[PDB]
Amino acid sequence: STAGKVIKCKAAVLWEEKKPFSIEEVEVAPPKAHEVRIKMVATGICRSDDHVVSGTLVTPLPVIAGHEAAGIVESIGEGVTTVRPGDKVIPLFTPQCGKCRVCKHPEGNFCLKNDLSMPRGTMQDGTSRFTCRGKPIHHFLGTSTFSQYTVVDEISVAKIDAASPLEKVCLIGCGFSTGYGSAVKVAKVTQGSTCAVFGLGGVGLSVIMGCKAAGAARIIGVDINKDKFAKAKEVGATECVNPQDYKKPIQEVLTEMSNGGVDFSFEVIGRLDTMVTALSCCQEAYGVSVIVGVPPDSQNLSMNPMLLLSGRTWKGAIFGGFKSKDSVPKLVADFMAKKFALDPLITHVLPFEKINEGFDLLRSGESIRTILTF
């Protein structure tokens, strides 16, 4: 029916930064060779989407953001093998071409075909598949999930369990997988250890989930929003700290609390200052600190190199270290097998048209994850 035809549908377009998303009627071109058109079912609102609006994260505008979602394959372009119409799929913002040096490496997951380092806002052939009022609109991370339909590259999609709850498993497109793997895969949190997690939003709580599943003996959640505490305890935190309650720095407090420093700390906010503090918090001779938060564009932090010379380790990771195509489908199965829970991350469900309301809840600090249903 729609196959081979330009679809006219609704999409939330961001024309200028610091503006609300305007639901517009856009024309989604049919998938070219090796591309896949997807009908969106559920998409989550991640902080990185808000960074685009805030101007924190620079990307070509106008653009259709959205990168955490799950849908159904409508049509596939010429050459597509991995999926076919009717398939349930999760678009992957970190592709997996399986051909570059990174994809061929045992532990790298930052595929060279990504559109993150230097965003272009186009398809692999450098063109867009979205038009609004005769004006081409940019893609976002090769995903652009804030649209009833979207076109992604074959390398940027994973087929998932046909029986999976699309309205929940969408969290596996970013938030969950990022948090879980940051603790489990990047930091490789050990049993009995003490962990510190700065930022208790969807991604942070998923970090706590990873730490808890890794058998962490102590998991101290850190946030300036106390209303996050109860939910944090719920998913694993053993204690929660609000930096506003003290007269001394949180690094001093956390070091005193942990008797010399934590074993693993995670920065899940996106602030330069909290990135340094998370480093300082870990034990000087063997602590490990992982940056999960996305920093403001072009900002450089300053730190004393002696923090590392004593023995600390500092690393970062996109998508929790998971090779997208390989991991997403297996992560979904683990969900179907009740190996972990996504339910505590979802605080609100709203229809797609109410996206702006969904971003205000996040900015207000009233929600963890809001899922948008089409």
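Numbering starts at 1 and follows the sequence shown. If you superpose the two forms and keep the largest set of C-alpha atoms that fall within 1.5 Å, you have the rigid core.
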Please indicate which stretch deviates more in 4 other deposited structures of this protein: 92-100 or 270-278, judged by C-alpha RMS distance after a core superposition?
-> 270-278
Line up the rigid core: which moves more in 4 other deposited structures of this protein, 188-196 or 162-170, by C-alpha RMS?
-> 188-196
Which is higher in the entry, the mean Cα B factor of 33-41 or that of 62-70?
-> 33-41
With respect to the recorded C-alpha B factors, which stretch has the higher mean value, 292-300 or 112-120?
-> 112-120
Between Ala217, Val253, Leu272, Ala285, where does the Cα B-factor run highest in the record?
-> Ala217
The residue of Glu267, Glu154, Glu234, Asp263 with the maximal C-alpha B-factor according to the PDB record is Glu234
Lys185 by Cα B-factor - lowest, middle or highest third of the modelled chain = middle
Temperature factor at the Cα of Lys325, chain-ranked in thirds, falls in the highest
Based on the entry's values, in what third of the chain does the Cα temperature factor of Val28 lie: lowest, middle or highest?
-> middle
Looking at the C-alpha B-factor of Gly142, is it in the lowest, middle or highest third of its chain?
-> lowest
Lowest, middle or highest third: where is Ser280 by Cα B-factor in its chain?
-> lowest
